[PDB]
Amino acid sequence: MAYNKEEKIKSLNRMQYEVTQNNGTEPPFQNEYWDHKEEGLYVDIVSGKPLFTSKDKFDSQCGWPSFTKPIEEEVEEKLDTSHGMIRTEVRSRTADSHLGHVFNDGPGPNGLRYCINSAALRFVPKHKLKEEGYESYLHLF
Amino acid sequence: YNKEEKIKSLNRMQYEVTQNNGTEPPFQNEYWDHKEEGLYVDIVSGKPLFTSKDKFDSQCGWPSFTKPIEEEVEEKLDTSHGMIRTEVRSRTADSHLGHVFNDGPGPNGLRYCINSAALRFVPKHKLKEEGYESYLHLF
Amino acid sequence: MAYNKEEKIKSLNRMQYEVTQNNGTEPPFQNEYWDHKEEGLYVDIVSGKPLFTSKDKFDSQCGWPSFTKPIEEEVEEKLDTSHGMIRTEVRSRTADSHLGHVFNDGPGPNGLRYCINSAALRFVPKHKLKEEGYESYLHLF
Amino acid sequence: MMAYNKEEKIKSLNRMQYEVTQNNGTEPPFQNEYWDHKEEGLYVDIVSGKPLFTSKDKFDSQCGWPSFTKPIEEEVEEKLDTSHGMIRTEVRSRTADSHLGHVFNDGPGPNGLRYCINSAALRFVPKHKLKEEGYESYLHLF
Amino acid sequence: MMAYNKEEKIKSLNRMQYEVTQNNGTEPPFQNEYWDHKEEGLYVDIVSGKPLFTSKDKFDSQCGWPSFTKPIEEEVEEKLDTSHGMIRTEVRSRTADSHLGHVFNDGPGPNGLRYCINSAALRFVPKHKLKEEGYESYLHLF
Amino acid sequence: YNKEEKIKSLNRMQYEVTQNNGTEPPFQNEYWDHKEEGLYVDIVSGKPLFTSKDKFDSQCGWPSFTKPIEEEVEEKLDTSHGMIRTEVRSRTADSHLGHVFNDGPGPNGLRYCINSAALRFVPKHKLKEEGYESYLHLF
């Protein structure tokens with residue numbers, strides 16, 4: 001009803017909350033996944049649902065995790081006119097946590113650079129996908 | 001959560017009991033003498049099965065109860081090993097739990113004897129934290 | 001006994017040690033001797049001394065072999081106040097191994113009920129008491 | 001290896017492991033831990049812990065035992081085996097002097113060799129554990 | 001000593017054992033396993049397992065730590081130790097390179113040395129076992 | 001102040017040294033080489049036992065003094081561990097301090113070897129505000 005997600009959120013730490021709940025952003029380079037390259041999945045830190053895979057991730061120099069594309073209708077994009085700018089925010093569909101923004105200067109074909117906060121993700125190694133419950137995606141590798 | 005994988009991650013005795021319908025030894029458990037307050041969930045489904053409210057100080061060697069939770073535990077006719085007893089198991093996680101005998105504190109006069117190795121205990125002060133908020137009213 | 005006991009103890013499997021030396025209890029309906037009903041002699045698994053008889057072994061629903069009463073003075077009753085309780089333990093004399101416990105809910109004429117672990121016992125058929133050196137007890141049949 | 005250290009490890013090996021590595025036995029086919037194993041990692045000598053084969057050179061065989069196209073470094077050794085009345089090439093680990101199995105020239109190229117090894121003489125180490133357990137020096141193979 | 005093996009043994013050490021041997025610490029005096037130990041045997045490296053001292057050269061000391069007059073076959077090495085603002089001589093294991101302790105020239109022997117070793121860095125092996133343990137190689141010492 | 005409760009809040013080492021007459025590791029404790037002007041007190045009774053004026057360098061790895069302060073310290077034969085030594089314990093709290101050896105820097109030649117584990121150092125610039133003014137005169 002209203003105590004699984006509302007509870008998970010309550011158990012988040014300062015930054016994780018600030019980001020996901022207050023749409024803030026973590027420091028560049030001083031986060032956990034910006035340079036991380038282990039094979040695996042990046043799940044919603046709140047709803048636990050798959051958001052990005054280690055395969056679409058790449059090396060940018062912005063200081064935050066960067067992917068070219070997201071996962072199956074699990075990540076939503078929406079206009080963000082806040083802060084006197086005009087950007088495209090990225091949020092998760094199920095847990096509606098702020099993730100970050102998309103930019104059109106990526107390396108992929110479509111040229112998208114999904115710039116996400118480490119603080120909104122729980123990384124799950126490939127050798128643990130089946131245990132955690134992500135056998136359904138174990139093929140994406 | 002995946003029943004198949006979680007079961008596959010249970011301890012030998014937790015598997016033996018819940019899956020092979022085994023019986024853990026007496027007095028050598030974590031909940032036979034347990035008297036703390038809170039819920040006892042299904043080690044597999046996480047669904048609550050018994051409450052500290054109904055638990056009573058029996059001296060048979062396993063955590064006994066006078067009453068189960070609003071049907072989360074079912075009664076099955078068990079005629080194994082030459083006897084005619086009443087087996088108790090979880091409807092959702094379908095885990096073996098134990099047996100129900102007609103010899104408890106009453107008025108039910110029932111002694112739901114359950115294996116510790118089939119139950120995870122969730123402290124009464126960590127229920128809203130673990131998501132068992134709709135059960136706190138029972139305390 | 002002396003050193004025989006040592007090598008003899010080193011023989012026992014995990015459960016027999018846990019039971020006989022560590023006073024643990026084997027699981028119910030899941031031991032070799034609760035069913036049995038075989039005409040023989042239940043010997044001490046450590047000292048080889050006769051502890052119980054197949055004749056004094058009655059059917060029970062507890063799930064452990066049970067005997068109305070033991071043989072010789074090889075079985076000894078000790079006041080057991082283990083686990084915040086008052087009971088009556090039973091152990092062999094010569095070997096000093098935990099057998100189990102006795103009660104007063106068993107069939108008369110004495111009313112006692114010796115509930116011993118299978119782990120602490122070693123069966124011996126009637127056809128083998130003579131050759132196995134138990135000639136002296138063979139009369140009990 | 002040092003007498004006591006080797007002796008220590010040998011003392012650990014269960015029946016089958018001891019039987020094959022020390023007595024040159026063979027494990028039943030299709031009934032061993034690594035024939036169909038395919039997880040990316042290192043196949044380590046169960047006695048000396050020295051790496052013997054990599055998952056990268058393992059191939060699906062229908063013989064029933066883990067098959068590799070080649071061994072790692074000079075740790076695996078070939079040796080004439082005229083036992084049982086025939087002529088085959090045995091393979092043993094140099095350090096532990098552990099009997100591994102045999103090599104056949106019916107392997108899937110390029111060298112056409114088929115190293116048929118018993119799981120009983122190996123201990124798999126996952127790639128994601130390599131550094132942690134002190135196999136960094138091999139982590140480069142992946 | 002091979003890195004991977006080295007690591008397995010270290011992972012096996014307990015709190016204090018790790019602290020001393022790895023972090024160069026010292027176990028509490030009089031409250032260790034071999035200070036008052038006096039059994040005919042070998043005291044081997046708890047990591048490399050090589051023999052470090054003999055029960056023979058071990059002697060009673062009121063210091064509270066295994067005291068030996070000398071080590072065996074250069075498996076123990078001395079090294080200057082100018083830490084804690086003092087001047088002492090550290091004693092280290094060759095193969096395993098674990099802190100053992102210190103030496104002092106206040107020994108009772110013909111050469112007056114006093115090797116003060118933490119029990120934690122040691123694992124006693126009785127003589128009547130030396131031959132099955134793989135130490136057949138040292139039985140002659142006794 | 002309460003004895004049982006004052007000690008019930010002690011450290012693993014503190015309780016060991018203090019209560020079990022154990023002893024800490026050399027060079028690996030708070031004051032073996034500490035030389036700040038002030039007084040060392042009983043972590044338990046909070047009473048003065050030594051002054052840094054009596055503390056000196058000892059390559060043994062444990063704070064060492066040539067003498068204690070008044071009656072807070074008592075001597076006692078400790079023929080344990082198969083040897084004859086002279087233990088030092090506190091008068092009030094009755095906690096194991098360590099031992100006295102007759103190899104000190106004199107003039108008495110006594111070396112009081114104490115465990116940092118049974119001490120609380122108090123700097124001269126806090127002696128008053130802490131209540132040890134009547135001791136401050138010792139500097």
Side-chain angles (χ1 to χ4, degrees), chain A residues 31-45 48-59 65-67 71 116 118-119 121-141, chain B residues 1-2 4-6 8-11, chain D residues 12 32-60 66-73 75 117 119 121-142, chain E residues 2-13 18:
Chain A
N31 59 64
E32 182 186 318
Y33 301 141
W34 83 266
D35 66 343
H36 183 266
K37 293 189 284 297
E38 283 174 36
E39 196 193 330
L41 227 57
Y42 291 85
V43 305
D44 193 307
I45 210 291
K49 291 195 62 49
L51 261 44
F52 305 84
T53 80
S54 68
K55 314 198 76 297
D56 315 289
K57 192 177 182 301
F58 59 101
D59 288 299
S66 298
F67 317 75
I71 283 182
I116 297 77
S118 308
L121 308 166
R122 200 257 283 186
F123 170 72
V124 187
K126 188 191 181 304
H127 70 270
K128 273 199 182 78
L129 289 180
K130 195 169 180 179
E131 305 172 25
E132 298 302 7
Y134 308 105
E135 200 187 320
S136 311
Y137 311 83
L138 189 45
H139 66 69
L140 293 169
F141 310 72
Chain B
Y1 168 56
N2 188 238
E4 275 284 295
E5 301 302 302
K6 200 186 193 312
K8 210 60 182 298
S9 69
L10 299 174
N11 181 283
Chain D
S12 311
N32 53 288
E33 187 175 4
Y34 308 125
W35 71 285
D36 58 320
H37 187 77
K38 292 183 289 298
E39 230 44 55
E40 185 185 45
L42 268 183
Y43 287 87
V44 152
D45 186 316
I46 201 168
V47 173
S48 74
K50 306 211 65 183
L52 302 186
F53 305 88
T54 70
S55 57
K56 173 173 286 185
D57 299 307
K58 186 168 182 305
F59 64 92
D60 289 311
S67 291
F68 306 80
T69 64
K70 68 194 60 193
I72 297 177
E73 295 150 345
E75 187 53 34
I117 317 303
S119 302
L122 317 178
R123 182 164 71 66
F124 183 67
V125 179
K127 167 197 170 187
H128 68 82
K129 287 241 198 67
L130 284 187
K131 198 169 187 298
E132 181 186 5
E133 314 199 324
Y135 285 97
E136 174 89 302
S137 49
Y138 294 101
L139 230 190
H140 79 80
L141 302 162
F142 312 72
Chain E
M2 231 60 223
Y4 31 85
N5 281 303
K6 158 59 161 295
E7 181 63 47
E8 168 52 63
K9 284 292 177 173
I10 286 177
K11 174 182 178 185
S12 179
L13 298 176
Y18 176 83

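Excluded from the calculations below are hydrogen atoms, water molecules and symmetry mates; all remaining heavy atoms, backbone and side chain alike, are included. Chain letters run A, B, ... following the sequence lines, proteins first and then strands; every chain starts at 1.
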Which distance, rounded to the nearest 0.5 Å, do you find between the NE2 of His128(D) and the CD of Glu38(A)? 10.5 Å
Residues forming a salt bridge (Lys or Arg N to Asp or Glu O under 4.0 Å) with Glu7(E), sequence neighbours excluded: none
Would you say the side-chain atoms of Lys128(A) pair up with the backbone N or O of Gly40(A), donor to acceptor, closer than 3.5 Å? no
My understanding is that only residues two or more places apart in sequence, or in another chain, count here; which of them pass salt bridge (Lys or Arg N to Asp or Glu O under 4.0 Å) with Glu40(D)? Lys127(D)
Measure the NE2-OG distance between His37(D) and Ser55(D) for me, rounded to the nearest 0.5 Å. 8.0 Å
In Å, rounded to the nearest 0.5 Å, how long is the span from OG of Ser119(D) to CD1 of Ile46(D)? 10.0 Å
Mind listing the side-chain donor-acceptor pairs of residues 131-141 of chain A below 3.5 Å, one per line with the distance, residues two or more places apart or on another chain?
{"from": "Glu132(A)", "atom 1": "OE2", "to": "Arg122(A)", "atom 2": "NH1", "distance (Å)": "3.4"}
{"from": "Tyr134(A)", "atom 1": "OH", "to": "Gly48(A)", "atom 2": "O", "distance (Å)": "2.5"}
{"from": "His139(A)", "atom 1": "NE2", "to": "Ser136(A)", "atom 2": "O", "distance (Å)": "3.3"}

side-chain hydrogen bond (donor to acceptor under 3.5 Å, both in side chains) partners for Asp57(D), two or more places apart: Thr54(D)
Closest heavy-atom contact between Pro51(D) and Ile72(D)? CB-CD1, 4.0 Å
Under 4.5 Å between any side-chain heavy atoms of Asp59(A) and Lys37(A), yes or no? yes
Of all residues at least two apart in sequence or in a different chain, which pass the side-chain hydrogen bond (donor to acceptor under 3.5 Å, both in side chains) check with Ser67(D)? none
Atom of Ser48(D), atom of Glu75(D) and distance for their closest heavy-atom approach: OG-OE2, 4.4 Å
Nearest 0.5 Å, what's the CG-CG distance between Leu121(A) and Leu41(A)? 10.5 Å
Which residues pass the ring-ring contact (aromatic ring centres under 6.0 Å, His included) test with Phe68(D), not counting sequence neighbours? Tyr43(D), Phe53(D)
Residues that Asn5(E) engages under side-chain contact (heavy atoms from CB on, under 4.5 Å), provided they are two or more places apart: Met2(E)
Quick one: list whatever passes salt bridge (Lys or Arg N to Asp or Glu O under 4.0 Å) with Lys9(E), sequence neighbours left out. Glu8(D)
Do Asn31(A) and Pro65(A) come close enough that some side-chain heavy atom pair is under 4.5 Å? yes
Compare all side-chain heavy atoms of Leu51(A) with those of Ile116(A) and state whether any distance is below 4.5 angstrom. no
